[PDB]
Amino acid sequence: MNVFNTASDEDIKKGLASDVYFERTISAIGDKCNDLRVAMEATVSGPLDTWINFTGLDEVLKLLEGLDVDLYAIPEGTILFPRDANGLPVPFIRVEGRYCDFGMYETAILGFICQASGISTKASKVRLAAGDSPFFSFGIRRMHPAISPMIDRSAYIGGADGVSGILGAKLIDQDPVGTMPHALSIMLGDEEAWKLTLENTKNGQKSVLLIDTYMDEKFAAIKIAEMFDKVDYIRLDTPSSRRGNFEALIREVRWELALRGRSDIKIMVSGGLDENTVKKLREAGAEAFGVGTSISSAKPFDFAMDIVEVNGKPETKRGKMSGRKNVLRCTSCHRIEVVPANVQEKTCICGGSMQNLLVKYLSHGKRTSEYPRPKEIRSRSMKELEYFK
Amino acid sequence: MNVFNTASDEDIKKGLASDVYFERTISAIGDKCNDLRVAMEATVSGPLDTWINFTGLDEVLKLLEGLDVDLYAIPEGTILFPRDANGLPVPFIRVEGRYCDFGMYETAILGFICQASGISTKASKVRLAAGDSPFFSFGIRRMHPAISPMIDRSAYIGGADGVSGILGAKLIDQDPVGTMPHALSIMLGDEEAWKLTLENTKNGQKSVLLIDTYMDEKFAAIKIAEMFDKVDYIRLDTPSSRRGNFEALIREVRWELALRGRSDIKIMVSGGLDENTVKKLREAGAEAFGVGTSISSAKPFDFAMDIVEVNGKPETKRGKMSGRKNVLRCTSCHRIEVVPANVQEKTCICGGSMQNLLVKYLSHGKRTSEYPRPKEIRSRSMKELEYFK
Amino acid sequence: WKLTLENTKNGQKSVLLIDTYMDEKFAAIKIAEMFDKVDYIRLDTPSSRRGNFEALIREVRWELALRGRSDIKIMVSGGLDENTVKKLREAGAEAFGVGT
Amino acid sequence: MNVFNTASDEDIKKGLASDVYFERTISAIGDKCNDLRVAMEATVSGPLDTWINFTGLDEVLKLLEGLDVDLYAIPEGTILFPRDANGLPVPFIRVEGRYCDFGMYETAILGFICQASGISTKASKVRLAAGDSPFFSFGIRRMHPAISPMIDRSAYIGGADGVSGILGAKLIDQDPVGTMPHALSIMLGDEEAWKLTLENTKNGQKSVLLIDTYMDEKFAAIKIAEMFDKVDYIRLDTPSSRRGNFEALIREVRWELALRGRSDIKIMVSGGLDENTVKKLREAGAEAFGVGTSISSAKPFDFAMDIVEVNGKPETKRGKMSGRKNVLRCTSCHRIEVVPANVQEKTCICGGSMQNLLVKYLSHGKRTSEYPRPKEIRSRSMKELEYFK
Ligand SMILES: O=P(O)(O)OC[C@H]1C[C@H](OP(=O)(O)OP(=O)(O)O)[C@H](O)[C@@H]1O
Ligand SMILES: O=P(O)(O)OC[C@H]1C[C@H](OP(=O)(O)OP(=O)(O)O)[C@H](O)[C@@H]1O
Ligand SMILES: O=P(O)(O)OC[C@H]1C[C@H](OP(=O)(O)OP(=O)(O)O)[C@H](O)[C@@H]1O
Ligand SMILES: O=P(O)(O)OC[C@H]1C[C@H](OP(=O)(O)OP(=O)(O)O)[C@H](O)[C@@H]1O
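Chains as they are written, first to last, in the deposited numbering: chain A, 1 to 389; chain B, 1 to 389; chain C, 194 to 293; chain D, 1 to 389.
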């Protein structure tokens with residue numbers, strides 16, 4: 001109950017950020033609440049035609065910490081498919097305890113991993129397409145500001161080299177990235193805007209000039225070459241109506257610059273980009289990318305949380321598989337097999353042994369380890385992404 | 001800088017929930033900041049093959065209130081296309097003042113109207129498809145909890161009769177909606193779960209029994225008919241793997257019940273529904289719908305904010321149209337024409353006059369009127385939706 | 194443009210090719226504030242620059258009207274069909290150059 | 001200004017075969033005409049999803065010869081893509097001189113290389129499909145007679161073994177090809193027509209009998225086998241309405257003939273054929289092909305001519321790349337790189353060096369060499385086609 005239409009940390013920790021049916025149900029359970037011990041696993045019902053970059057667990061731990069519950073989960077930054085080598089739904093997190101003790105957090109728990117995972121996953125796809133070239137997350141403006149930090153966080157972990165959001169950058173412990181806007185050229189004109197921008201580019205940072213405000217990207221690039229020398233990048237946000245063939249335009253520009261002996265001036269692009277768009281433009285000559293919407297508004301994975309066991313006995317509903325289970329992965333080929341919890345390791349043909357990926361993060365509500373910082377996590381994520389081409 | 005990865009009301013009001021390039025630019029503008037008066041209009045670059053249910057302005061006013069800026073906008077709950085009768089981009093909100101005075105809020109302003117509008121718009125499409133039958137917003141679990149209230153808000157305004165979120169319901173001033181979950185049947189069994197659920201259904205509320213936990217929807221429905229009498233609804237969340245032909249199953253169930261003289265038992269459905277899904281199931285016999293994901297994770301409209309005027313003179317970049325402008329609509333056929341601000345009304349062939357829709361909400365940072373409550377807004381929205389079949 | 198206007202004769206309408214160097218939009222504004230008796234503005238916009246020709250024509254027509262020059266008609270050419278011509282005429286074009 | 005609606009050699013040399021805007025413009029340039037030295041290169045805007053067999057330069061030289069202009073160009077019969085290994089538009093001909101001196105010839109210059117190149121290119125595709133079997137150009141009847149010779153010329157150079165046009169054949173210095181028409185059978189009947197045709201087949205030429213006039217190709221073939229002995233070919237122009245499955249019919253015919261010990265009688269086909277049609281029929285058993293329309297009316301490449309330099313300084317418009325340039329090709333793999341004129345050779349990975357393909361054909365209006373005859377050119381063309389499967 002704050003200024004904007006949002007739930008505060010307090011609200012979500014109090015369980016006010018959830019569906020009423022939960023508390024109403026717990027209430028209905030009454031005295032029986034004490035003798036109701038369950039284990040619930042979270043699986044992906046959502047898109048199965050893609051792998052996923054798991055992200056958002058950090059938020060889950062911050063919420064369940066303190067409650068008398070054991071919590072297992074796959075570490076953020078891991079990349080794998082929603083179904084194992086044999087089509088078994090893979091459980092990303094498991095929670096054990098009194099149903100009534102944490103049941104009202106289903107809503108929040110899902111929310112913390114659904115949207116985030118979609119975001120980190122899209123960034124990963126974009127990462128693969130950007131290759132050795134850098135791309136940055138510029139999409140918070142597309143979503144509610146209240147969640148601007150988690151977006152950049154997942155984007156970063158997903159593979160984004162940098163991030164534009166102030167708070168998101170703070171969260172990942174990196175300096176925000178940002179270039180002069182069109183606004184500047186509209187108010188002061190290109191010449192004065194570029195001068196101001198070059199004069200104000202500081203530290204170990206590269207100068208970048210926005211050139212599609214008024215002129216034709218081609219002639220704007222020439223004008224800049226003959227007007228300034230120390231300019232690292234030329235950024236193009238070319239209006240879609242002007243974007244007849246972006247690839248061709250980038251080439252035209254690159255040739256014109258080389259002709260004037262300025263092949264040193266790199267080219268950056270932004271505005272409505274994908275893994276697809278990014279890949280084709282990088283092949284055209286682009287070396288820096290600004291990616292937003294496609295990542296920030298990435299569709300969320302449809303995670304579901306279900307009781308898979310009741311007071312030690314396997315129990316579920318139709319469409320779900322009962323029993324607590326582990327997620328074994330080949331330390332070599334990364335083959336994955338979902339198995340019953342009473343199986344820790346297994347022999348993986350080709351490579352070696354399959355060890356469990358599901359790690360215990362909470363024990364009786366207490367953190368079993370120190371949670372990794374974002375940079376550490378995206379570090380894992382990139383090694384992880386290496387296995388997907 | 002709070003517990004979860006979110007920006008607090010304080011953070012966003014301080015402008016910490018934005019791209020660094022803004023402050024960095026303002027800073028670069030320096031002394032010139034005082035003599036830089038601009039007017040920026042917000043237009044939809046996003047999906048143009050659809051109309052839109054504008055929503056989120058409330059958040060914008062709560063943010064800009066206090067600043068020396070005049071603000072015009074189309075009222076939330078209005079429904080129209082992103083381009084006028086002649087393909088001119090329609091401006092949904094206009095802001096006038098010193099660029100440096102509010103420039104850092106571009107990020108937040110967009111975020112407040114992009115995601116929300118997508119949500120309210122999808123709910124509207126779902127509304128049209130539900131007809132006289134009720135549908136509720138059950139999708140917050142799919143997104144970050146921090147924004148669970150704004151989601152239900154837009155969903156409600158979009159046409160949802162009810163909402164499941166606790167905070168969202170508080171915000172719209174309506175009681176949250178919710179039915180017994182599968183969890184209850186897994187822990188206590190159907191028989192005991194249905195009894196508990198019927199015993200705990202109170203007030204002017206209708207009883208609803210979740211029947212797809214263990215049995216076949218068909219036989220579960222029969223068992224319920226011969227077991228209880230006062231049961232208003234039968235809810236089916238049938239697992240997709242069991243959903244061979246949902247329509248056919250609903251019919252099978254409805255016939256079986258009628259045969260046993262229980263045609264009074266209505267049928268509710270939920271789980272992966274659209275305007276499409278909802279329409280076909282309503283034709284099959286469903287009378288109540290639970291809709292989530294499709295609405296809560298609805299793609300956002302790609303709003304852009306651009307300077308359209310500088311110190312009284314028309315000014316913009318390529319791909320944008322300069323000058324402050326009004327949005328005139330036929331009070332009859334609702335034909336829309338974007339025109340230069342110096343045109344208040346116009347004659348609309350067929351019907352009568354075209355009046356301006358862009359209303360001044362803030363004058364020098366002060367609210368020019370009392371903002372409508374959600375119910376009032378969705379009331380407008382439904383009259384508005386009436387014009388679209 | 195000066196040469197072209199100076200050499201337009203007889204019962205003929207002046208037409209200025211504006212997509213050589215600038216952005217059609219700003220080139221149109223520059224022309225409005227620079228010359229008065231100009232009957233047409235011709236756009237042969239390179240395909241690589243033709244992201245959405247229809248939208249560009251509109252942008253241009255609005256900009257000109259804003260400056261009270263709605264009298265300046267718009268002509269188009271370059272890779273046109275019955276299809277292309279029909280959609281551009283609906284966008285605002287009033288003269289077409291059709292070849293290939 | 002002659003009998004038919006055509007421009008005579010005189011008319012085109014006088015520049016009457018062009019758009020008025022040229023002379024009108026030159027005139028407008030006036031006194032400035034003397035100090036306007038430009039270099040214009042011709043590039044393909046046209047179809048880029050295919051390689052091209054350049055043809056028509058011969059006509060260009062015959063027109064520009066005499067004028068004070070230097071002219072470089074890729075030799076006719078060369079085959080390559082419109083864009084180099086890196087997507088740079090490839091210039092096929094360059095002209096240097098006073099703009100006013102030759103500017104009015106843009107129209108004609110393009111016309112000479114646009115239509116022709118399309119024709120030679122299609123013939124090349126047909127060549128590849130005909131394999132070691134011969135195909136002839138029979139399509140002049142589809143286009144205006146005034147240009148019947150240039151059509152056969154390009155068709156020949158493209159790979160056609162022979163040509164039907166009288167003048168075109170004269171131009172390539174080969175005897176025209178031609179078989180008895182249906183007309184003969186309609187006027188005299190098959191029996192008398194075939195006799196006449198066999199009696200009048202002379203020199204080192206093969207007898208060919210048109211058999212689809214009256215009978216069923218199958219029985220007509222049998223009748224011919226048992227009626228004549230020295231018959232080299234059986235030609236089928238089967239009406240499309242009778243062409244249920246041409247491939248199957250050819251087989252039926254070939255079997256019937258073999259059964260009667262006449263497998264020596266080869267089969268020729270014609271009428272609405274492509275690279276596709278030709279390939280499938282050759283696999284069915286056809287050994288000779290008559291191809292017209294598809295080649296004679298082949299779509300033209302959309303060549304454009306643009307000033308790429310003005311008085312020694314690089315200059316162009318948007319969408320074009322400035323500066324005079326060379327077209328380097330790997331003498332091995334035939335990799336192509338468009339480069340600035342000040343680069344003659346380059347090292348081509350894999351194979352060896354890349355030499356320039358753009359050759360100087362005119363120097364101050366004077367031929368720098370003796371132009372190759374058609375046969376010589378198509379000889380080059382076939383070696384050239386060898387690199388494309
Ligand atoms: O999140 P980003 O990747 O930065 O892009 C978000 C918007 C903006 C950009 O268009 P605009 O520049 O707003 O205009 P237009 O659609 O005309 O190209 C792009 O086409 C997307 O629709
Ligand atoms: O937001 P909602 O409309 O409620 O639905 C969100 C999820 C859940 C439901 O599937 P599950 O019941 O989780 O399982 P399954 O996919 O197997 O049907 C549906 O198919 C969507 O994927
Ligand atoms: O016969 P017309 O209708 O006049 O047009 C013929 C060519 C030229 C024009 O392109 P260019 O201006 O040559 O270049 P681009 O293809 O890059 O647009 C058009 O796209 C056609 O391909
Ligand atoms: O240039 P050519 O390859 O020789 O073909 C040109 C025409 C003639 C032939 O049909 P006809 O024999 O005129 O009649 P039909 O279409 O009925 O087969 C073929 O189908 C093409 O349409």
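Where is the CB? At the ideal position from N, CA and C, for every residue including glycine.
Using a Cβ-Cβ cut-off of 7 Å, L249 (chain A) is close to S241 of chain C, given in chain order. Ordered along the chain, residues surrounding ligand 3 are C:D237, C:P239, C:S240, C:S241, C:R243, C:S270, C:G271, C:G272, C:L273, C:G290, C:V291, C:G292, C:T293, D:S45, D:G46, D:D302, D:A304, D:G319 [Cβ under 7 Å from any heavy atom]. Shown here, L210 (chain A) sits in a strand according to DSSP, grouped into three states.
Nearest in C-alpha terms to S164 (chain D), of all of D:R142, D:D232, D:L184, is D:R142. Within 10 angstroms of the beta-carbon of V291 (chain C) lie fewer than 16 other beta-carbons, which makes it exposed. When DSSP reads this structure, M268 (chain A) sits in a beta bridge with A:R235, A:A288. In this structure, C:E199 is the residue among C:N245, C:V269, C:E199 with its C-alpha nearest to the C-alpha of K230 (chain C). By the Cβ criterion, the segment 367-374 of chain B is not in contact with the segment 106-117 of chain B, since fewer than three pairs of Cβ atoms, one from each stretch, lie closer than 8 Å. Unbroken beta strand (DSSP E) stretches of 3 residues or longer found wholly inside the segment 81-150 of chain B: 91-98, 135-137, given in chain order. Under a 10 Å Cβ-count criterion, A221 (chain C) is classified as buried, with 16 or more other Cβ atoms of the shown protein chains found around its own Cβ. Between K299 (chain B) and chain A, the shortest Cβ-Cβ separation is below 8 Å. For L259 (chain A), the chain D residues whose C-beta falls within less than 7 Å of its own C-beta are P314, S322, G323, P340, listed in chain order. A residue is called buried once 16 or more other Cβ atoms fall within 10 Å of its Cβ, and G323 (chain D) is buried on that count. By the Cβ-count criterion, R373 (chain D) is exposed, with fewer than 16 other Cβ atoms from all chains shown falling within 10 Å of its own Cβ.
For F138 (chain D), the CB falls within less than 7 Å of some heavy atom of ligand 4. Interface residue (Cβ-Cβ distance to chain B less than 8 Å): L362 (chain A) is not classified as such. At a cut-off of 8 Å between beta carbons, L67 (chain B) makes no contact with chain C. In chain order, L36, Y99, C100 place their CB closer than 8 Å to the CB of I29 (chain B), counting only its own chain and leaving out the 5 sequence neighbours on each side. Taken atom to atom, the span from the alpha-carbon of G159 (chain D) to that of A284 (chain A) is near 35 Å. Only those residues of the segment 161-190 of chain A whose C-beta falls short of 9 Å from the nearest C-beta of chain B are listed: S164, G165, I166, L167, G168, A169, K170, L171, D175, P176, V177, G178, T179, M180, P181, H182, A183, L184, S185, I186, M187, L188. Judged by DSSP in its simplified three-state form, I12 (chain D) adopts helix.
Exclusion of the five residues before and after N326 (chain D) leaves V339, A341, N356, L358 as the residues of its chain whose Cβ lies within less than 6 Å of its Cβ.
For the 8 Å CB-CB criterion, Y21 (chain A) and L63 (chain A) do not form a contact. One thing to note: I267 (chain D) has its Cβ no nearer than 8 Å to the Cβ of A248 (chain D). With a contact defined as Cβ atoms closer than 8 Å, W51 (chain B) and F92 (chain B) miss out at about 13 Å. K313 (chain D) has D:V310 as its beta-bridge partners, per DSSP. Under the DSSP assignment, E337 (chain A) falls in the beta strand (DSSP E) whose first and last residues are 336-340. Under the DSSP assignment, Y361 (chain A) falls in the beta strand (DSSP E) whose first and last residues are 359-363. DSSP lists B:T43 as the beta-bridge partner residues of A304 (chain B). Annotation: the continuous beta strand (DSSP E) that includes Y72 (chain A) extends over 70-73. Close partners of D216 (chain A) in chain D (Cβ separation under 7 Å): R318.
DSSP places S353 (chain A) inside the beta strand (DSSP E), whose first and last residues are 353-356. According to the DSSP assignment, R329 (chain A) belongs to no alpha helix (DSSP H) but to the beta strand (DSSP E) extending over 325-330.
Relative to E191 (chain B), the option among B:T201, B:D216, B:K223, B:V95 whose CA is nearest is B:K223.
Rounded to the nearest angstrom, the gap between the Cα atoms of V310 (chain A) and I79 (chain B) is 49 Å. With its beta carbon at least 8 Å from every one in chain C, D274 (chain D) lies outside the interface.
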